[PDB]
Amino acid sequence: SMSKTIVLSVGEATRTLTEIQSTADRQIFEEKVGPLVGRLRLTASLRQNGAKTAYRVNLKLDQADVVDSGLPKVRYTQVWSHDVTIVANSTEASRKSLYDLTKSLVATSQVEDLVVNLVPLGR
Amino acid sequence: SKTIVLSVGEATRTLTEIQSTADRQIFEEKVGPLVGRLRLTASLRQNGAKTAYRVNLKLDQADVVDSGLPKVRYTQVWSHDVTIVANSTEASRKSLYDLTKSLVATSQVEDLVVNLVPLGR
RNA sequence: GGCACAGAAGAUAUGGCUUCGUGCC
């Protein structure tokens, strides 16, 4: 209850990423299940540019593939990172619109097909 | 012609392909002035080793104020970089897809992008 | 020379870029 988390729902299941590191710049959430190697991990950071005219949100989801013939071992890692440029004097509506448009984009079957089957966008 | 349709509430935005190369495509919302049209750029490439693919997706949103003559004030962007291992299971790829679908839909992520509120509750 | 790197920093984004690091021919 008291560790901070982000909870991801995939259909009927939910997957809780527990915060394992927090610094002024950066945050790391990891899923507390399974082998200690290759746990699902979310790295997130917020940063201003030198001019203080824009922000950069970085989010990075690392999904490792662990095989366990004896003791566990990460075979490979697949990653989906995000890089969001927010302008400091932007209207809130402009940021909500970017968010709304991306939530829709990622939710499309076309983007599912691209990532899962390498099928080009456009129908 | 080729399109992708995005749905916000009861509204839709139709992005239409205006360009393609062997490994890149550019979609715009072909509505209104040419100034500041919503744009999606999509790329697919291989590893140096040919053991992985990188998918790049980038949404550029200009802020246009139309007081007679349109002008871009600023542009905000949300880009994605996806690393897909070549020999991987469809299940593992679909899982990463679903986890990210869910990640972006969280109100924590909205709070981050819209209000700069750090993640974790 | 050429190439690799989910190495680091910068960039409101042809961000298919720049610089720096490390490694392979």
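Here is how names work: the chains are called A, B, and so on, in the same order as the sequence lines, proteins then strands, and each is numbered from 1.
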Could you run through RNA chain C and flag its stems, i.e. three or more consecutive Watson-Crick or G-U pairs with both distances under 3.5 Å?
C:7-10 with C:17-20
Provide a list of protein-nucleic acid N or O atom pairs under 3.5 angstrom, restricted to nucleotides 19-22 of chain C.
none

Can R56(A) and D83(A) be said to form a salt bridge (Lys or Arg N to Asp or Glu O under 4.0 Å), step by step?
CA-CA 7 Å; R56(A) 305 300 281 254; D83(A) 186 0; 3.1 Å; yes
Roughly, in whole Å, what's the span from [atom1] in [X] to [atom2] in [N]?
| X | N | atom1 | atom2 | value |
| --- | --- | --- | --- | --- |
| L38(B) | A13(C) | CG | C1' | 14 Å |
| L59(B) | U14(C) | CG | P | 13 Å |
| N58(A) | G15(C) | CG | P | 18 Å |

SB check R41(A) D62(A) (cutoff 4.0 Å):
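Answer for the salt bridge query: no.
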Mind listing the residues from residues 15-27 of chain B sitting with a heavy atom below 4.0 Å of RNA chain C? Number order is fine.
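Going residue by residue through residues 15-27 of chain B, the ones with a heavy atom under 4.0 Å of RNA chain C turn out to be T21(B), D23(B), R24(B).
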Among residues 62-79 of chain B, which ones have heavy-atom contacts with RNA chain C below 4.0 Å?
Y74(B), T75(B), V77(B), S79(B)
Separation of the [atom1] atoms in [N] and [M], to the nearest angstrom:
| N | M | atom1 | result |
| --- | --- | --- | --- |
| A9(C) | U22(C) | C1' | 15 Å |
| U18(C) | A4(C) | P | 13 Å |
| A8(C) | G23(C) | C1' | 15 Å |
| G21(C) | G10(C) | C1' | 15 Å |
| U12(C) | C25(C) | P | 39 Å |
| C3(C) | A11(C) | P | 28 Å |
| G15(C) | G1(C) | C1' | 27 Å |
| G16(C) | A6(C) | P | 15 Å |

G15(C) glycosidic torsion: syn (within 90° of 0) vs anti
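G15(C): syn.
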Transitive ILVMFWY cluster of [X] at side-chain heavy atoms under 4.5 Å: who else is in it?
| X | answer |
| --- | --- |
| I20(A) | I28(A) |
| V72(B) | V35(B), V64(B) |
| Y76(A) | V85(B) |
| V31(B) | none |

Do [X] and [Y] have a side chain donor and acceptor closer than 3.5 Å?
| X | Y | answer |
| --- | --- | --- |
| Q25(B) | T41(B) | no |
| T91(A) | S94(A) | yes |
| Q21(A) | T23(A) | yes |
| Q76(B) | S90(A) | yes |

Quick one: side chain to side chain donor-acceptor pair (under 3.5 Å) partners of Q108(B), sequence neighbours excluded?
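Listed in chain order: nothing, the list is empty.
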Hey, what's the ring geometry for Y97(B) with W80(A), parallel, tilted or perpendicular (30° and 60° as the breaks)?
tilted
North or south sugar at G7(C) (positive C1'-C2'-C3'-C4' torsion counts as north)
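Here the torsion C1'-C2'-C3'-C4' comes out positive, placing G7(C) north.
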Going by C1'-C2'-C3'-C4', which side is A4(C) on: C3'-endo/north or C2'-endo/south?
north
Of the options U14(C), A13(C), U12(C), whose atoms approach the side-chain atoms of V87(A) most closely?
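Nearest to the side chain of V87(A) among the choices is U12(C).
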Show the distances under 3.5 angstrom between N or O atoms of the protein and N or O atoms of nucleotides 8-11 of chain C.
unit_1 : atom_1 : unit_2 : atom_2 : d
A11(C) : OP1    : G50(A) : N      : 2.9

Here's a test of your reading of the structure: between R39(B) and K60(A), which maps to the more 5' nucleotide of RNA chain C?
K60(A)
Run the salt bridge (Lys or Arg N to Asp or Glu O under 4.0 Å) test against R47(A) and tell me which residues pass, sequence neighbours left out.
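Listed in chain order: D25(A).
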Give a yes or no on whether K32(A) atom NZ has more than 12 heavy-atom contacts from other residues, nucleotides or ligands under 6.0 Å away.
no
If every non-hydrogen atom of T106(B) is compared with every non-hydrogen atom of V7(A), which pair is closest and at what distance?
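That closest heavy-atom pairing would be CG2-O, 4.0 Å.
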Sequence neighbours left out, cut at 3.5 Å: what donor-acceptor pairs do the side chains of residues 112-123 of chain A make with other protein atoms?
unit_1  : atom_1 : unit_2  : atom_2 : d
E112(A) : OE2    : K94(B)  : NZ     : 3.0
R123(A) : NH2    : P120(A) : O      : 2.5

Take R39(A) and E31(A), measure what salt bridge (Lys or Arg N to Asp or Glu O under 4.0 Å) needs, and give me the verdict at the end.
CA-CA 6 Å; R39(A) 295 178 160 196; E31(A) 193 188 30; over 6 Å; no
